[PDB]
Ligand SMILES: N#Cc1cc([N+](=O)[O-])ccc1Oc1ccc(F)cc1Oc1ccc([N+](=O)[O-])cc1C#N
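The chain that follows stands alone, in the form solved without this ligand, written as structure tokens.
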């Protein structure tokens, strides 16, 4: 992706977008009891922790585009992945408006807490002024979509989240895009059935883990990926994507039965208009992370990319024995023969991608969704997802709202006990060394283990 044009919003008649300048993350009551290095991402240019130019840093992920046609390797990759997806019988019929907005099996209701985007943010109109969970009203939404239409600018926000010392100092805060409510809804109508099928079928047919529950899904992954493991993620995947990969995605969608007109929303993702505080800018290429479907579309594109690279480097590869699962840029995969991931990574560089491979990827050292894999000692066909304790420690030391401490700590307990009973008891011990910790309902190790075993 590449920023092609930027200027002052006022020159085009856009008002300034007022985004909060200060982090909501503050040290929790557990900040001293546990160790950690992460701090809130820089959100503003004058942050005294910066050791770089902030606005240059946050936009540096738009590294450019490789301009190329859809080549022979891409064409075969698309065909192979389309054949997989064809077995799922994805409906290209529009999802009905009430299901796409207020919820249905496989597609959670539209998030009422996030930005409604443009022009609503400039008018003070929030999602809850238009939509109602209790009444499921669609009348105001129909008014607003009729009035303002589709293909509206996106609103860029800096993501408020913990980051490492290096990413704080370099100002490399992540950006999230808010599609207009109108565009979010229209995309959920257009693609909602595809979204549902992906959410309900994580694994090696969708090639997707989006929406998975690691507590359940981790045990299935080694059944599916039974060859030599291949794994990697990327640096700045979303913004690195060149338009050719969006062309590949459009070809895949059309093979699934979407009309050319129905794939027009992919052009909306690829060639985009953004408002950021007092500026507005146009981007060619790059997935605008935060718009409807970007995790699923990123994952679908990644399925095309990896196949493309394998076909290009390993002429005579048999993709029917290749298996892969992606969550956005994150990939875990297998093939019955060893594959040199560094060759794939260098081939990806030729397509404008920055891939970072996982020396002998094993079930001991492979990661996916920032978690390890550890087979249960007693039930060896069940596999624990293992979030490192250091990451749990990083999270517990901060809070965006201490009123949610109970929910926060309980969520972390659900992750921590997979590290073993000794680690969990120590975690609980330290929690209880603060008075708040003795006011919390904390699950017992044996209870978490029993409930996990019984969930299968």
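Positions refer to the first chain, counted from 1.
If you look for the form solved in complex with this ligand, you will not find it shown, but the lines that follow are about it.
> Between the options 360, 377, 320, 111, which residue brings a heavy atom to within 4.5 Å of this ligand in the bound PDB entry?
Replying inline: When this ligand is considered in the bound PDB entry, the option within 4.5 Å is 111.
>> Going by heavy atom distances of 4.5 angstroms or less, which of 171, 286, 290, 202 would be at the interface with this ligand in the bound PDB entry?
In response: The option sitting close enough to the partner is 290.
> Thinking of 188, 210 and 295 as one candidate spot, does this ligand come within 4.5 Å of a heavy atom in every one of them in the bound PDB entry?
Replying inline: Per the other structure, all of 188, 210 and 295 touch this ligand.
>> Although the partner isn't part of this model, could you tell me whether residue 195 comes within 4.5 Å of this ligand in the bound PDB entry, counting any heavy atom of the residue?
In response: Contact with this ligand, yes.
>> Test of understanding: in the bound PDB entry, would residue 127 fall inside 4.5 Å of this ligand by heavy atoms?
In response: Judged by the heavy-atom cut-off of 4.5 Å, residue 127 is in contact with this ligand in the bound PDB entry.
> Just to confirm, residue 184 within 4.5 Å of this ligand in the bound PDB entry by heavy atoms?
Replying inline: Looking in the bound PDB entry, residue contacts with this ligand include residue 184, since a heavy atom lies within 4.5 Å.
> With the cut-off set at 4.5 Å between non-hydrogen atoms, does residue 107 touch this ligand in the bound PDB entry?
Replying inline: Yes - in the bound PDB entry, heavy atoms of residue 107 and this ligand come within 4.5 Å of each other.
> Where does this ligand sit in the bound PDB entry: which of 312 to 320, 73 to 81, 146 to 154, 295 to 303, heavy atoms within 4.5 Å?
Replying inline: Within 4.5 Å of the partner lies stretch 295 to 303.
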